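Read through the structure below, which is laid out as structure tokens, and then see the notes.
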Amino acid sequence: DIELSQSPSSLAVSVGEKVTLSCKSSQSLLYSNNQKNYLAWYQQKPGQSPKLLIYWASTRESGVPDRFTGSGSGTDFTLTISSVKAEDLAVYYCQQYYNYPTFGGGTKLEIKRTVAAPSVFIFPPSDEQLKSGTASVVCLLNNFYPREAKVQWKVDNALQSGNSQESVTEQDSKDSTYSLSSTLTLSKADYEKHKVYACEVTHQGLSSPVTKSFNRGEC
Amino acid sequence: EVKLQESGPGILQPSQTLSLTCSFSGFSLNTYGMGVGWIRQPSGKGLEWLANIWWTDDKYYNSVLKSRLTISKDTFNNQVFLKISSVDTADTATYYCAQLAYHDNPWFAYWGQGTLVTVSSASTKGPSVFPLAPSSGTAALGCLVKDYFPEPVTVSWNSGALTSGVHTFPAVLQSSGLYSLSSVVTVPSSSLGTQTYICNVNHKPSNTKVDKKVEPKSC
Amino acid sequence: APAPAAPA
Ligand SMILES: [Cl-]
């Protein structure tokens, strides 16, 4: 079929700025006998289905703001976003329909914003869960930037290794921060036999690392 | 207004035949120039077109997958079907159906929400749901959704009434081969006494629907 | 020339 190649693979842009997303075609999408370019652009926001922006390379779908502009001809196409909003965070895909549909690999548009220090919370295992003979300790790093954060687990002041999993959110479509969960997995036995549970967060918006901790049983 | 809902198995075994249903209102394959497309997306990968069917009952297939694909419609022309034979791990993806562009135009005007399809021999398991109780300016509370297969679980707070500050983390596969995630929300400390916080956790493949009241813990 | 996934 026809191959579409999108560049750059990922863009990091401040709110208010102007970005140009490229889509290169392995065959010309310009039909001489109607002078139309057979290219569409889509926007996929995190969590959502792709949404149509542009068709025939340069025509806006109704409801699409004027700051999204489709351009180019033949093998070279661009989607210009003239003053990036935070809501524009998304993967942008080009698609040809000159032959059987193919998509480019997409351009991931990320928002470059100011440092925000995490708010750190720690959650003991629920009594409900302790019945089930397994214990999960959860540490929350909330509404922080940038994405890079170090999370360390201490049980009775001893550094833990190989028994925690982290999960990070996509960039927020509103305030452009991230959140991170670190989950420490212990046996009910191991949890019941130790006392002090501490989460230590290193992130660049903090003067010094923040530790959140609890003792099993106490209030 | 146009509406599309994908229906799929959630999980089927390697070598089995994937059977997907697209149910749509607000348009018909009775009308001239109308059609439905299928597009799939592996986790964190891009878009692959599968097949289109039109009002003429003309069928167009992805050339690479052609020999494994079948697409059809019913006599009422309100539902479109896609088969994929001899599924393998690489067929694990989110599957979308889409209204093809009005008057015989092969771009994708409106997309359905998409159904997740996992190719695995492992058995379906429903989640345990556990409260993450708020500690006692800003509080955090949540629900640990643990030991379920396959993806996905859907999490809402107060039957969709509560959305601001909600963070539902991507699932992580545990050493057991079962997924686990937390859904967390940040609220005013001053709301902990009065506002009710219920997490609604839906796991389609296991027909599991749990509601958990998260309240400040008792010492 | 165009050979789209669409009737002539
Ligand atoms: Cl999930």
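Residue names in the structure tokens use chain letters A, B, ... in the order shown, residue numbers from 1 in each chain, and ligand numbers from 1 in the order shown.
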
Within 8 Å of chain C: residues of chain B, using only C-alpha atoms, as a ChimeraX atom specification | /B:52,54,56,58,60-61,104-106

List all protein, DNA and RNA residues that have any atom at most 12 Å from ligand 1, counting only C-alpha atoms and all ligand atoms, and write the list as an MDAnalysis selection string.
-> (chainID A and resid 47 167) or (chainID B and resid 10 43 116:118 126:127 144:155 168:173 178:183 201:205)

For a quick test of understanding: name the residues of chain A lying within 7 Å of chain B when counting only C-alpha atoms, and present them as a short mmCIF file (atom, residue, chain, number, x, y, z; two decimals) with N, CA and C atoms, in the first residue's frame.
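Done, and the output landed in part-v5.cif:
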```cif
data_model
loop_
_atom_site.label_atom_id
_atom_site.label_comp_id
_atom_site.auth_asym_id
_atom_site.auth_seq_id
_atom_site.Cartn_x
_atom_site.Cartn_y
_atom_site.Cartn_z
N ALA A 40 -6.25 12.95 5.47
CA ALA A 40 -7.00 13.38 6.66
C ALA A 40 -6.05 13.37 7.87
N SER A 49 -11.38 8.16 21.78
CA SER A 49 -11.34 7.72 20.37
C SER A 49 -10.70 8.81 19.52
N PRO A 50 -10.04 8.48 18.38
CA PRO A 50 -9.62 9.50 17.42
C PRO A 50 -10.83 10.35 16.98
N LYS A 51 -10.57 11.64 16.72
CA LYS A 51 -11.56 12.66 16.32
C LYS A 51 -11.05 13.33 15.03
N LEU A 52 -11.90 13.46 14.01
CA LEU A 52 -11.53 14.03 12.70
C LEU A 52 -11.27 15.53 12.86
N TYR A 97 -6.26 8.19 1.87
CA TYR A 97 -7.39 7.39 1.32
C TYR A 97 -7.35 7.46 -0.21
N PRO A 101 -6.92 2.67 3.06
CA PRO A 101 -6.44 3.53 4.13
C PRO A 101 -5.16 2.96 4.76
N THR A 102 -4.18 3.84 4.99
CA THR A 102 -3.03 3.64 5.90
C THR A 102 -2.86 4.90 6.74
N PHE A 103 -2.30 4.74 7.94
CA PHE A 103 -2.02 5.82 8.91
C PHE A 103 -0.51 5.98 9.05
N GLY A 105 2.56 6.85 11.85
CA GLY A 105 2.79 6.35 13.22
C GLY A 105 2.35 7.34 14.29
N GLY A 106 2.05 8.59 13.92
CA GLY A 106 1.53 9.62 14.83
C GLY A 106 2.63 10.51 15.39
N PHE A 121 0.88 11.29 49.49
CA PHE A 121 -0.04 10.60 50.43
C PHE A 121 0.35 9.13 50.51
N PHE A 123 -1.21 5.24 52.05
CA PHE A 123 -2.44 4.51 52.45
C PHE A 123 -2.05 3.14 53.00
N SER A 126 -6.19 -1.79 53.77
CA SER A 126 -7.55 -1.91 54.36
C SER A 126 -7.64 -3.20 55.19
N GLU A 128 -10.36 -5.01 55.28
CA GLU A 128 -11.00 -5.85 54.24
C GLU A 128 -9.91 -6.67 53.54
N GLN A 129 -8.85 -6.03 53.02
CA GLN A 129 -7.77 -6.72 52.26
C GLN A 129 -6.99 -7.66 53.19
N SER A 167 2.92 3.05 38.63
CA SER A 167 2.04 3.38 37.48
C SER A 167 1.90 4.90 37.39
N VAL A 168 2.25 5.48 36.25
CA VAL A 168 2.13 6.95 35.99
C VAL A 168 0.95 7.18 35.05
N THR A 169 0.22 8.28 35.26
CA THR A 169 -0.88 8.77 34.39
C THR A 169 -0.28 9.41 33.13
N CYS A 219 -2.85 5.79 65.17
CA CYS A 219 -3.76 6.86 64.66
C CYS A 219 -3.25 8.25 65.08
#
```

Identify, on the basis of only C-alpha atoms, every residue whose closest approach to stretch 188-190 of chain A does not exceed 12 Å; exclude the query and any residue fewer than 2 positions from it along the same chain; express the result as a ChimeraX atom specification.
-> /A:124-137,155-156,184-186,192-197,216

Let's have the selection written as a short mmCIF file (atom, residue, chain, number, x, y, z; two decimals), in the first residue's frame, with N, CA, C and O atoms.
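Saved to part_32.cif:
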```cif
data_model
loop_
_atom_site.label_atom_id
_atom_site.label_comp_id
_atom_site.auth_asym_id
_atom_site.auth_seq_id
_atom_site.Cartn_x
_atom_site.Cartn_y
_atom_site.Cartn_z
N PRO A 124 -2.39 2.85 54.28
CA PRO A 124 -2.26 1.49 54.80
C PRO A 124 -3.13 0.50 54.05
O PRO A 124 -4.10 0.89 53.39
N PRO A 125 -2.82 -0.82 54.11
CA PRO A 125 -3.76 -1.84 53.67
C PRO A 125 -5.06 -1.71 54.46
O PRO A 125 -5.00 -1.50 55.66
N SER A 126 -6.19 -1.79 53.77
CA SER A 126 -7.55 -1.91 54.36
C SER A 126 -7.64 -3.20 55.19
O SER A 126 -6.96 -4.19 54.83
N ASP A 127 -8.47 -3.20 56.23
CA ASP A 127 -8.79 -4.39 57.05
C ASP A 127 -9.46 -5.45 56.16
O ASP A 127 -9.12 -6.65 56.30
N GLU A 128 -10.36 -5.01 55.28
CA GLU A 128 -11.00 -5.85 54.24
C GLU A 128 -9.91 -6.67 53.54
O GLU A 128 -10.04 -7.91 53.52
N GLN A 129 -8.85 -6.03 53.02
CA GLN A 129 -7.77 -6.72 52.26
C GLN A 129 -6.99 -7.66 53.19
O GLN A 129 -6.63 -8.76 52.73
N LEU A 130 -6.74 -7.26 54.43
CA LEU A 130 -5.92 -8.08 55.37
C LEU A 130 -6.61 -9.43 55.62
O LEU A 130 -5.87 -10.42 55.77
N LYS A 131 -7.95 -9.48 55.61
CA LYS A 131 -8.74 -10.75 55.65
C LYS A 131 -8.24 -11.71 54.56
O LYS A 131 -8.14 -12.91 54.84
N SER A 132 -7.93 -11.19 53.36
CA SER A 132 -7.61 -11.96 52.13
C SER A 132 -6.17 -12.51 52.17
O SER A 132 -5.79 -13.19 51.20
N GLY A 133 -5.39 -12.22 53.21
CA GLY A 133 -4.06 -12.83 53.41
C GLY A 133 -2.97 -12.22 52.53
O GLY A 133 -1.89 -12.83 52.40
N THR A 134 -3.24 -11.03 51.97
CA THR A 134 -2.25 -10.22 51.21
C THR A 134 -2.40 -8.76 51.66
O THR A 134 -3.51 -8.40 52.12
N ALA A 135 -1.33 -7.97 51.58
CA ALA A 135 -1.27 -6.55 52.01
C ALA A 135 -0.66 -5.70 50.90
O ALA A 135 0.39 -6.08 50.37
N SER A 136 -1.32 -4.59 50.57
CA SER A 136 -0.88 -3.61 49.55
C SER A 136 -0.75 -2.24 50.22
O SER A 136 -1.76 -1.76 50.78
N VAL A 137 0.44 -1.67 50.22
CA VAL A 137 0.67 -0.28 50.72
C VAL A 137 0.82 0.60 49.50
O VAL A 137 1.61 0.23 48.61
N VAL A 155 10.55 -0.20 55.21
CA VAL A 155 9.82 -1.01 56.23
C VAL A 155 10.73 -1.14 57.45
O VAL A 155 11.82 -1.71 57.30
N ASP A 156 10.32 -0.62 58.61
CA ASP A 156 11.14 -0.56 59.85
C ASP A 156 12.50 0.07 59.51
O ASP A 156 13.53 -0.41 60.01
N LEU A 184 3.50 -1.10 47.24
CA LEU A 184 4.36 -2.10 47.92
C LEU A 184 3.49 -3.32 48.22
O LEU A 184 2.44 -3.14 48.87
N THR A 185 3.88 -4.49 47.71
CA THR A 185 3.17 -5.79 47.87
C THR A 185 3.91 -6.64 48.92
O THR A 185 5.08 -7.00 48.66
N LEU A 186 3.26 -6.92 50.05
CA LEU A 186 3.77 -7.80 51.13
C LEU A 186 2.74 -8.90 51.41
O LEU A 186 1.54 -8.69 51.12
N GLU A 192 2.19 -7.71 59.07
CA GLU A 192 1.71 -7.75 60.48
C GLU A 192 2.93 -7.80 61.41
O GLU A 192 2.83 -7.28 62.52
N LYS A 193 4.05 -8.34 60.94
CA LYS A 193 5.26 -8.58 61.76
C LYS A 193 6.18 -7.36 61.78
O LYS A 193 7.06 -7.30 62.67
N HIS A 194 5.99 -6.40 60.87
CA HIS A 194 6.73 -5.11 60.84
C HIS A 194 5.78 -3.98 61.28
O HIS A 194 4.56 -4.24 61.36
N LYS A 195 6.32 -2.80 61.57
CA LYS A 195 5.62 -1.71 62.31
C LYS A 195 5.53 -0.43 61.48
O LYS A 195 4.43 0.15 61.43
N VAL A 196 6.65 0.05 60.93
CA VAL A 196 6.77 1.41 60.33
C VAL A 196 6.89 1.28 58.81
O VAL A 196 7.79 0.56 58.33
N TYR A 197 6.01 1.97 58.09
CA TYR A 197 5.88 1.95 56.62
C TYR A 197 6.03 3.39 56.13
O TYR A 197 5.22 4.24 56.54
N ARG A 216 1.74 0.65 61.61
CA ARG A 216 0.62 -0.32 61.66
C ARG A 216 -0.08 -0.16 63.01
O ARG A 216 0.64 -0.14 64.02
#
```

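For the pair atom CA of residue B:11 and atom CA of residue A:166, the interatomic distance is 25.5 Å.
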
Chain A residues within 9 Å of chain C, counting only C-alpha atoms: which ones, as a compact mmCIF listing (two decimals) with N, CA and C atoms, in the first residue's frame?
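So the final result, stored in iface-v7.txt, reads:
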```txt
# COMPACT_ATOMS: atom_id res chain seq x y z
N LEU A 29 -0.34 11.95 -3.10
CA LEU A 29 -1.79 11.86 -2.78
C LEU A 29 -2.60 12.86 -3.63
N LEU A 30 -1.96 13.55 -4.58
CA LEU A 30 -2.60 14.58 -5.45
C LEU A 30 -3.10 13.92 -6.74
N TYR A 31 -4.42 13.81 -6.92
CA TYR A 31 -5.07 13.34 -8.17
C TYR A 31 -5.21 14.52 -9.14
N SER A 32 -4.51 14.44 -10.27
CA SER A 32 -4.48 15.48 -11.34
C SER A 32 -5.89 15.82 -11.83
N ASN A 33 -6.77 14.83 -11.92
CA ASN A 33 -8.08 14.96 -12.61
C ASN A 33 -9.12 15.62 -11.67
N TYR A 38 -5.61 13.53 -1.01
CA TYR A 38 -6.37 12.48 -0.29
C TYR A 38 -5.69 12.22 1.06
N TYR A 97 -6.26 8.19 1.87
CA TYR A 97 -7.39 7.39 1.32
C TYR A 97 -7.35 7.46 -0.21
N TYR A 98 -6.16 7.70 -0.76
CA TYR A 98 -5.84 7.65 -2.20
C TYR A 98 -5.89 6.19 -2.65
N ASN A 99 -5.26 5.33 -1.86
CA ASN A 99 -5.36 3.85 -1.92
C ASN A 99 -6.10 3.40 -0.66
N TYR A 100 -6.05 2.10 -0.34
CA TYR A 100 -6.69 1.54 0.87
C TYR A 100 -6.10 2.23 2.08
N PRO A 101 -6.92 2.67 3.06
CA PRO A 101 -6.44 3.53 4.13
C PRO A 101 -5.16 2.96 4.76
```

Write out as a count of residues only each polymer residue whose atoms come within 7 Å of residue A:12, counting only C-alpha atoms; drop sequence neighbours fewer than 4 positions from it.
-> 4

Write out as a ChimeraX atom specification the residues lying within 8 Å of residue A:120, counting only C-alpha atoms and excluding same-chain residues fewer than 4 positions away.
-> /A:139-142,201,210-212

Using atom CA of residue B:198 and atom CA of residue B:211 as the two end points, give the distance in Å to one decimal.
->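 Atom-to-atom, atom CA of residue B:198 to atom CA of residue B:211, that is 6.2 Å.
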